[PDB]
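Trainee: Going down the list, the protein sequences come from chains V and X. Here this note's numbering is used: the first residue of the first sequence is 29, the next is one more, and so on. Here this note's numbering is used: the first residue of the second sequence is 45, the next is one more, and so on. Built from N, CA and C at the ideal position, the CB exists for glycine as well.
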Amino acid sequence: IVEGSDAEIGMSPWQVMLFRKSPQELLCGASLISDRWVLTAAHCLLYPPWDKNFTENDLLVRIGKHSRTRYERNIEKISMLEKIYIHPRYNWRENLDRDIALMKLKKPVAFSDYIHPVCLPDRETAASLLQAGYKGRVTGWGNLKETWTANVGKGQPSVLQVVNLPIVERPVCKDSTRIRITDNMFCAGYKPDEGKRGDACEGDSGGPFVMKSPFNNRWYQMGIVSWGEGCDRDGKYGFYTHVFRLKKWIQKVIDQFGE
Amino acid sequence: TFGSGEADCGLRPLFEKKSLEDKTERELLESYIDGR
Ligand SMILES: *C(=O)[C@H](CC(=O)C=C(C)C)[C@@H]1[C@@H](O)C[C@]2(C)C3=CC[C@@H]4[C@](C)(CC[C@@H](OC(C)=O)[C@@]4(C)C(=O)O)[C@H]3CC[C@@]12C
């Protein structure tokens, strides 16, 4: 993440890491929304211009960790997937619209001090909390700068990191990019004059952007880290998938299988 | 269908439950109408 801090132990229990089986490499982050369900950005799985097109048997998920690397011995759980669901209207080609994806674990996970769901937002928690100026929190392992060229400082960080970012208002977003923004996307991060830095960066795609609800003291996944022109550029803002505006789809696919 | 921690979700075992407030949480909430 650019310009952020170490995470605390237990600070982000819904944080999954989408890991690649062979070879071992880290693909993105993701989030734990249930005992069996993990939510990520679609482009972490299907992105044609990059011959990144994965399927169950390629991904391996790892819940509950802090270190980017260390095995974390009776802390973190590796598991594997049963199926994958991409929003079937994902526009990878023009503007990454609708970058969402549901992934179904083969076997449900045991919650813990370190492993716990985040909540999906509801109408009235969307309305109150997604507003200009309000900060949210973004999480990830994932580069420390623009290693777009190899670069000026830290690399990829040893341990999960955090950052708090204010949401921006729509025109400012609309006007910072040539790319056509859509209603399924909000931005966030500082304004060149506001005098702070910090943003998601490559490796963070798919992770959650969360906020904390002052009405019930609960954590909420408001958005998924989706895209950006770069990392931390003055006067560019990061784009996040509006989870709430997509909620019915999330509902429909979990009310497919069960018990 | 469930099987879904929509239930005791968003509650971190190690903070809220344990009645604790992480290092920077305060900021989040402090921005909710500039006001905490
Ligand atoms: C995920 O880690 C990362 C998202 C990210 O970095 C988020 C923020 C910064 C807020 C993803 C990667 O998985 C790949 C990614 C989708 C992209 C790849 C190519 C570019 C993007 C589509 C953005 C537009 C354009 O960017 C340019 C012009 O510099 C690309 C087509 C490009 O570089 O060629 C990009 C978006 C997010 C991205 C880095």
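1) Quick one: what's residue 8 of chain V bridged to in DSSP?
2) Report the start-end ranges of each beta strand (DSSP E) in the segment 83 to 115 of chain V that is 3 residues or longer and not cut off at the edges.
3) Since I believe V/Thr68 is in contact with V/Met131 (beta carbons under 8 Å), could you give me their beta-carbon distance rounded to a whole number of angstroms?
4) Please report how far the alpha carbon of X/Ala51 lies from the alpha carbon of V/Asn179, in whole angstroms.
5) Mapping the DSSP letters down to three states, classify X/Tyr76 as helix, strand or coil.
6) Pull up the DSSP beta-bridge partners for V/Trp255, would you.
7) Please classify V/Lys240: does DSSP put it in a helix, a strand, or coil?
8) Rounded to a whole number of angstroms, what is the C-alpha to C-alpha distance between V/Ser140 and V/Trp42?
9) Three-state secondary structure (DSSP) at V/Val187?
10) Taking the C-alpha atoms as reference points, what is the distance between residue 335 of chain V and V/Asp221?
11) Counting only beta-carbon separations shorter than 9 Å, does V/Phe285 have a partner in chain X?
12) Under 9 Å between the Cβ atoms of V/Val166 and V/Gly32?
Mentor: By the coordinates alone:
1) In the structure displayed, chain V extends from 29 to 287; residue 8 of chain V sits before or after that span and is not available.
2) 87 to 91, 105 to 114
3) 6 Å
4) 44 Å
5) helix
6) V/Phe267
7) strand
8) 10 Å
9) strand
10) Given a span of 29 to 287 for chain V in the structure shown, any question on residue 335 of chain V remains unanswerable.
11) yes
12) yes
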